[PDB]
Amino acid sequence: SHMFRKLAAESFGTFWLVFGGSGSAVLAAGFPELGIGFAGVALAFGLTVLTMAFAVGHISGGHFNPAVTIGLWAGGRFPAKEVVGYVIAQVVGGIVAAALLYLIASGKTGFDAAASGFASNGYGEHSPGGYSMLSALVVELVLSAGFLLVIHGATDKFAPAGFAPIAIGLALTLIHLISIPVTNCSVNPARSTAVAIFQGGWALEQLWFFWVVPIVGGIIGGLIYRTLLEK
């Protein structure tokens, strides 16, 4: 219903994503002896979409991601008219979460967002595993396209009803289980932007890559489903 409801849902769900997924990375993943690892961060990322696509999916469509919104537009499933408002709402909801995360994070002696990366996406020298830019393009392109094909299929008219938030949220856990070592896993321009702002340095300088590549990837995934798989 009336756009305000949908934009609020998109801003709150993207907030959830960044605060949830990035907070687990910043606060819990490398905690001595008991911390949750990349597996726990990956679970946390997927649970934000699972939980918010259940909570507000009926309201806005449950995108929480500029590449989902744009890929859904290329899949002939979303109107170009509401695209820009969704992306701004996602970025704003994302940023507000990184700021609050940054304040929570600063309450521990020795915190340093620039030096730790603040869960930012990067490649080459700023890839966790030491992976080249090409490794990073290929992975984010395949994983963004795949994510969009799952989103498109699971929300298809003929797919089983009500299960979509499970498929989509879990796809995002999968995607994280594969690619954290390569790019810290983006597949989401709004989530990359939100943390890059607070990292302040290299993250802002590679940010472009995490707009171009997930968006291009989400377009391809949406065109693959629309042209090859749907009717």
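Residue numbers run from 1 along the displayed sequence.
Ranked by C-alpha B-factor against the other modelled residues of its chain, residue 133 falls in the middle third. Split the chain's modelled residues into thirds by C-alpha temperature factor. Residue 124 is in the middle one. Residue 11: CA B factor lies in the highest third for its chain, per the PDB record.
Residue-level temperature factors show residue 78 in the highest third of its chain, judged at the C-alpha atom.
Remark: residue 48 belongs to the middle third of its chain, ranked by C-alpha B-factor as recorded.
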